[PDB]
2 protein chains.
Amino acid sequence: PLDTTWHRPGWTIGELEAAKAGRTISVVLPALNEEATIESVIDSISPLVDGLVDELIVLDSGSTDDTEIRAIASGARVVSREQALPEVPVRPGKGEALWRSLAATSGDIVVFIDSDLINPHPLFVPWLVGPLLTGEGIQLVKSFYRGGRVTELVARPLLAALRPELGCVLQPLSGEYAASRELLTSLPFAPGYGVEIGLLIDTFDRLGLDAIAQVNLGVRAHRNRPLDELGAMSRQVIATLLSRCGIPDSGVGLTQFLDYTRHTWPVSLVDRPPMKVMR
Amino acid sequence: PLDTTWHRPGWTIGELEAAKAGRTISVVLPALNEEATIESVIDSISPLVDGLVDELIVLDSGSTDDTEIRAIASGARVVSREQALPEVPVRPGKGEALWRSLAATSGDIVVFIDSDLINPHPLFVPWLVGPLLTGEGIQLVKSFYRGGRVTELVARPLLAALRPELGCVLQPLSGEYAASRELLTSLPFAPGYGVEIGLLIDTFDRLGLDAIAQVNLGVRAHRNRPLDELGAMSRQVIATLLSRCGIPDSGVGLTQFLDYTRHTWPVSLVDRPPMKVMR
Ligand SMILES: O=c1ccn([C@@H]2O[C@H](COP(=O)(O)OP(=O)(O)O)[C@@H](O)[C@H]2O)c(=O)[nH]1
Ligand SMILES: O=c1ccn([C@@H]2O[C@H](COP(=O)(O)OP(=O)(O)O)[C@@H](O)[C@H]2O)c(=O)[nH]1
Ligand SMILES: O=C(O)[C@@H](COP(=O)(O)O)O[C@H]1O[C@H](CO)[C@@H](O)[C@H](O)[C@H]1O
Ligand SMILES: O=C(O)[C@@H](COP(=O)(O)O)O[C@H]1O[C@H](CO)[C@@H](O)[C@H](O)[C@H]1O
Ligand SMILES: [Mn+2]
Ligand SMILES: [Mn+2]
């Protein structure tokens, strides 16, 4: 039911670029304190700039390490959350960074790549844009790869329960994906870590499976977070997914008991609206 | 909001036994292929038999290893699913084993202990029965301990979303707990791995928090399953939890893509009814 490219696409950078046909391509790297990895990621993509890729920015989501200076030193344009859209006060979380990035880019096609990847392949961007460039009706491309605890324990089983039509999607939460600006500026953006699952469900509801493709990127490595930070992420994924399914979420943050101690993590039920309204 | 015993209970086996006041206590160990651990678990509890504990059975849920012979050799009464309730054909899964165990025991109080625990403390059963024996209105006692991936990523965040009143429960899926027969024979039993979360939500809805206590067992160790088996368990926990919250579940099993291969795991939306109807 779902256009899946199972092996390495056969296209080439010169073919894909020809297929642009006046369309532009922006790449956004969201980054929060990724000084150890930001440079390797930027370098994997910057050789494409002024060719297949027209624009690369790092959206610096409030880093307090050396993320920004190392990104500048790799030749990337770095855009803070405030600069992307300064009339609107900044909220925390990943979804805010990606939503704002629409105002700081102008490509007809937008590619998101996480900045915490350990040594990413230089064809990620070409592999993701393939179906948007050479297909018909594809508006969103998700990646899969490779062990993804939230994906396999939370998102895929809840999708099977509540949107089983998306059961064929191998990595619904994947941070590497591309989509048309027309789609992205028409969809709301869930806060925090809810943004990927929200975009997938909203895209499906509006365009169906035929507008979605997925592409094998082989294997990917990244910062494996401790279980407690995953708990808050799972809570936000659940909150965003239930809302899309018409189920009322309590809005109560996850509490954890670490001779134990207690901490309550934030959860948000507030989406950003389609960036179109900002026109 | 929730009666919590945070340090080691101060009671003694002789005090607790005196407090029985004619009430009986059954212990059930569900077991599916636990030959490596069944013996250490039985031995931790059998010294209590004919004193605090009136009855110990192993409910052999279809083992094909040496579980049954090793349990017999530790002096335990072993009851198959068929023998517990032979007029009713056997279904797979943990919940079926626990539900049937009500027909093969007669204690006024029933204690469940998983049979895959690595070296369990001999006071587990005394610590769990404490609040049922010495409290008032306690009808269910859950344990906590100790890293519990389904609990921290699936069950606690979904409870926070959908039954936030149970947010103070530290280990909702814990396999070690005790309850009155009157409660257990009044509640349905969810299939598979849904049984613990189902019993907790059903108990709360019927009796509120004041009927539930929890007790610190310190640290517990057990067979840490691979992520893919956890995926099917999470799917069933989600299915049981959504049903209790009035949310329709698709009934679609989780599919996993392991040059990948596909497998679909069973999920069940069929509860067993209150054992009372079998009277
Ligand atoms: O408020 C935030 C949180 C995260 N990120 C970025 O979003 C990406 C994915 O975040 P994370 O690693 O925490 O998620 P994971 O992939 O580990 O589940 C990373 O490049 C982060 O730098 C961000 O820009 N802003
Ligand atoms: O169909 C089944 C599945 C499991 N069990 C028992 O239920 C307990 C808990 O099962 P499991 O270890 O798979 O769950 P976990 O604690 O690892 O999440 C164990 O003693 C199993 O032997 C059972 O009696 N029947
Ligand atoms: O899927 C997951 O379990 C997590 C983290 O992966 P691990 O459990 O650390 O292997 O990462 C997912 O979610 C993130 C936030 O939504 C995305 O940025 C990742 O790309 C996605 O894989
Ligand atoms: O909470 C969990 O993640 C799992 C398995 O624990 P691990 O992730 O292997 O540490 O076990 C829970 O669920 C089982 C089935 O419902 C219960 O039998 C366990 O007692 C409970 O801890
Ligand atoms: Mn990451
Ligand atoms: Mn276990």
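The residues of chain B that appear here are 21-166, 183-294, 302-322 by Swiss-Prot count, in order.
Cβ atoms here come from the backbone N, Cα and C positions, even for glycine.
What Swiss-Prot records for the (2R)-3-phosphoglycerate site is B:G184, B:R185, B:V186, B:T187, and among B:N252, B:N260 the residue it adds there is B:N260. Contacting chain A by the Cβ rule (under 8 Å between Cβ atoms), the binding-site residues B:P50, B:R185, B:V186, B:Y229, B:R261 reduce to B:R185, B:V186. Rounded to a whole number, the C-alpha distance linking B:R185 ((2R)-3-phosphoglycerate binding site) with B:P50 (UDP-alpha-D-glucose binding site) is 22 angstrom.
Neighbours of the (2R)-3-phosphoglycerate site: apart from B:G184, B:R185, B:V186, B:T187, B:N260, residues of the same chain with C-beta atoms within 8 angstroms of the site's C-beta centroid are B:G183, B:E188, B:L189, B:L209, B:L266. Candidate binding-site residues: B:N53, B:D136, B:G184, B:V186. Those with a Cβ under 6 Å from ligand 4, in sequence order, are B:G184, B:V186. Taking a Cβ cut-off of under 6 Å from any atom of ligand 2, the binding-site residues B:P50, B:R185, B:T187, B:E232, B:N260 reduce to B:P50. The Cα atom of B:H258 (UDP-alpha-D-glucose binding site) lies nearest to that of B:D136, taking the binding-site residues B:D136, B:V186, B:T187 as the candidates.
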